[PDB]
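Colleague: Give me coordinates for this.
(chains A, B, C and D, ligands or ions: 4)
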Amino acid sequence: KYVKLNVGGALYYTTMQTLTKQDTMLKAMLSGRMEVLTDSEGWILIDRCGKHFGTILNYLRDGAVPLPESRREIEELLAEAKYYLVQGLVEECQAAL
Amino acid sequence: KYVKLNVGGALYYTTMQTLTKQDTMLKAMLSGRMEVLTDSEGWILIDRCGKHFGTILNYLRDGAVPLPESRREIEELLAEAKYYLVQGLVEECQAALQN
Amino acid sequence: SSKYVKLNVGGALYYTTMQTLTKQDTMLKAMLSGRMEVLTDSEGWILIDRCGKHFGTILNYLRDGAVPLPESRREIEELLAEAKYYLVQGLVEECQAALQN
Amino acid sequence: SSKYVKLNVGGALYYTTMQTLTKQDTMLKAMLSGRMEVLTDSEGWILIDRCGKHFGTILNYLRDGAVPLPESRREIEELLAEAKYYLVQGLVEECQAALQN
Ligand SMILES: [Hg+2]
Ligand SMILES: [Hg+2]
Ligand SMILES: [Hg+2]
Ligand SMILES: [Hg+2]
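Modeller: Numbering: from 1, shown residues only, chains lettered A, B, ... in the order given. Ligands and ions are numbered 1, 2, ... in the order given. Let me share the structure:
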């Protein structure tokens, strides 16, 4: 089954399978182990920038993702990784630095 | 004739001729060789990022496509190419990564 | 009456929000504020007679307030035309500046 | 007026307006003036048996009256061929001029 998320105005479409693949905030969001905030149209709202959210979804899907080149973009990706509790990507970004 | 796909929230409108032109998983989706899940508006849902999907559609249509400059986007494309079993583009992306 | 927006830009399909399109003062904000005439189809897509090649970049500039410009002079010029058309004042300058390199 | 026209050019899908296609004297104007046969499908797409690589560039030249030209001579020749075919005389001249070494 598919889940649709509004992350800072950026719209995403993914599955329960992807968001529950790793131990993260998103799994906790969908396991019912945490409240999720939805609107009238059924979008899970997240008050974060959606710039790198697409990168997070890819990491969950493939278990790996190409990291950004510039150090600043690595920190941006890292910040989101820490927030969503994607420990694998957090470490991998810390390693890249 | 025309197919409309929701790829990771990115919406696309293409043709059957394009999606079935080469031997890939996308051909298999519409060759009836596979399950297709659509939403209320009739958009075929695909749980992949749609960033490079436009590039995938063009490769199937034209048999060739301009690759991105940075190594990062080529690798991103390679991941999508590998997933959809676009073997032709996979090779050129693997090849493009020379340095 | 929705905050979710779907736009047909020259045949290129985009799905975005009011939150992104109203971040800066541009033609797109006036278009969705009802402050301007809009042409929609049966399925609820606002039609826009411009190429959608660089439109994704326009949306990202509105979202993040900045975007990586293309390398070649040709594509910066392409973006400049789109930025100017949508009256994206921030992006117009940065691209006009980029051509003075 | 501002009615929408959609063309399938070699598999590339485009959305433009009557206003754009009738701005200049070209083959595309003749297509909508009924001065020439157009083949449409069940969904209302005007079919054109041409590669759609540069058609977006043709549409932009009609929209803005100008467009950034490609760098390489080969791509200028490609665009020039399409301009000649669609009878976009304005763009033909600028492409012929660009190939002046
Ligand atoms: Hg992505
Ligand atoms: Hg951001
Ligand atoms: Hg071509
Ligand atoms: Hg274009």
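
Colleague: does any part of stretch A:71-89 sit near ligand 2?
Modeller: No: applying CB under 5 Å from the ion, one finds stretch A:71-89 separated from ligand 2 by no less than 6.9 Å. For the C-beta atoms, the positions are set from N, CA and C on the backbone; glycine is no exception.

Colleague: since we're on residue A:77, how many residues are nearby?
Modeller: 24 (other CB atoms under 10 Å in any protein chain shown).

Colleague: So which elements touch the helix or strand hosting it?
Modeller: Using DSSP states H and E, the element containing residue A:77 is helix A:71-83. Under the contact definition 3 or more CB pairs under 8 Å, 6 or more residues apart in numbering or on different chains; DSSP states H and E, helix A:71-83 sits against helix A:53-62, helix A:87-96.

Colleague: hmm, who's touching it?
Modeller: Residues outside helix A:71-83 that contact it (CB atoms under 8 Å, 6 or more residues apart in numbering or on different chains) are A:25, A:48-49, A:51-53, A:55-56, A:67-68, A:89-90, A:93-94, A:96-97.

Colleague: quick revisit: looking at the helices and strands packed on helix A:71-83, which is buried most?
Modeller: helix A:53-62 (a mean of 21; mean count of other CB atoms under 10 Å in any protein chain shown).

Colleague: Would that one count as contacting ligand 2?
Modeller: No: Helix A:53-62 does not reach ligand 2 (CB under 5 Å from the ion); its nearest approach is 9.8 Å.

Colleague: That helix close to ligand 1?
Modeller: Yes: applying CB under 5 Å from the ion, one finds helix A:53-62 touching ligand 1 at residue A:54.

Colleague: how about that helix, does it reach chain C?
Modeller: No: applying CB under 8 Å from any CB of the partner chain, one finds helix A:53-62 separated from chain C by no less than 11.3 Å.

Colleague: Disregarding flanking residues, what is the spatial nearest neighbour of the one residue in chain A that gets nearest to ligand 1?
Modeller: Residue of chain A nearest ligand 1, by CB to the ion: residue A:54 (3.2 Å). Leaving aside its sequence neighbours, residue A:54 sits nearest to residue B:49 (CB to CB, 6 or more residues apart in numbering or on different chains; 5.4 Å).

Colleague: In three-state terms, how would the residue lying farthest from the centre of chain A be classified?
Modeller: No residue in chain A sits farther from the centre than residue A:40, which is 22.3 Å out by CA atoms, centre = their mean. Three-state assignment for residue A:40 (DSSP: H, G, I helix; E, B strand; the rest coil): coil.

Colleague: What residues does chain A have near ligand 1?
Modeller: residue A:54.

Colleague: Please name the residues that touch the residue nearest the centre of chain A.
Modeller: Geometric centre of chain A, nearest residue: residue A:56, 4.1 Å, by CA atoms, centre = their mean. Shown in contact with residue A:56 (CB under 8 Å, 6+ apart): A:80-81, A:84, A:86, A:89.

Colleague: Likewise for residue A:61?
Modeller: Per CB under 8 Å, 6+ apart, neighbours of residue A:61: A:18, A:21, B:47-48.

Colleague: Relative to ligand 4, which of those residues is nearest.
Modeller: Checking the contacts of residue A:61 one by one against ligand 4 (CB to the ion), the nearest turns out to be residue B:48, at 25.1 Å.

Colleague: Which positions in chain A make contact with ligand 2?
Modeller: A:49, A:51.

Colleague: number of nearby residues for the residue of chain A found nearest chain C?
Modeller: Nearest residue of chain A to chain C: residue A:9, at 3.6 Å (CB to the nearest CB). By other CB under 10 Å, the residues close to residue A:9 number 20.

Colleague: Same question for the one 4 residues further on.
Modeller: Counted with other CB under 10 Å, residues neighbouring residue A:13 total 24.

Colleague: Quick check: which element contains it?
Modeller: In the assignment (DSSP H and E), residue A:13 maps to strand A:10-15.

Colleague: Convert the C-alpha atoms of that strand to CSV, please.
Modeller: Extracted in CSV, the C-alpha atoms of strand A:10-15 (Å, rounded to 0.1, in the frame of the first residue of the first chain):
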residue,chain,number,x,y,z
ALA,A,10,7.5,18.9,-1.5
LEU,A,11,5.2,16.1,-2.4
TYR,A,12,6.3,12.4,-2.2
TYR,A,13,4.7,9.0,-3.0
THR,A,14,6.2,5.8,-1.5
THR,A,15,5.1,2.5,0.1
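
Colleague: Sheet-wise, list the partners of that strand with their directions.
Modeller: With DSSP bridges as the test, strand A:10-15 is paired with strand A:2-7 (antiparallel).

Colleague: ok, residue A:7 touching residue A:51?
Modeller: No: checked against CB atoms under 8 Å, the pair residue A:7 and residue A:51 is beyond contact range at 9.2 Å.

Colleague: ok, those two, which is more surrounded?
Modeller: Remark: of residue A:7 and residue A:51, residue A:7 carries more neighbours, 22 against 17, as counted by other CB under 10 Å.

Colleague: On the strand side of things, show who that one bridges to.
Modeller: With DSSP bridges as the rule, residue A:7 is bridged to residue A:10, residue A:46.

Colleague: Could you pull up the residues touching it?
Modeller: Residue A:7 sits in contact with A:46, A:48-50, A:53, where contact means CB under 8 Å, 6+ apart.

Colleague: change it to 7 Å
Modeller: Neighbouring residues of residue A:7 by CB atoms under 7 Å, 6 or more residues apart in numbering or on different chains: A:46, A:48, A:50, A:53.

Colleague: Residue A:37 is in contact with residue A:46, isn't it?
Modeller: No: here residue A:37 does not reach residue A:46: they are 8.2 Å apart, not a contact under CB atoms under 7 Å.

Colleague: the more surrounded of those two?
Modeller: A direct count of neighbours by other CB under 10 Å for residue A:37 and residue A:46 places residue A:46 higher, at 21 against 11.

Colleague: ok, that one to chain B distance?
Modeller: Residue A:46 sits 13 Å away from chain B, going by CB to the nearest CB, to the nearest Å.

Colleague: My read is that that residue contacts residue A:9, right?
Modeller: No: Residue A:46 lies out of contact with residue A:9 (CB under 7 Å); the separation is 10.2 Å.
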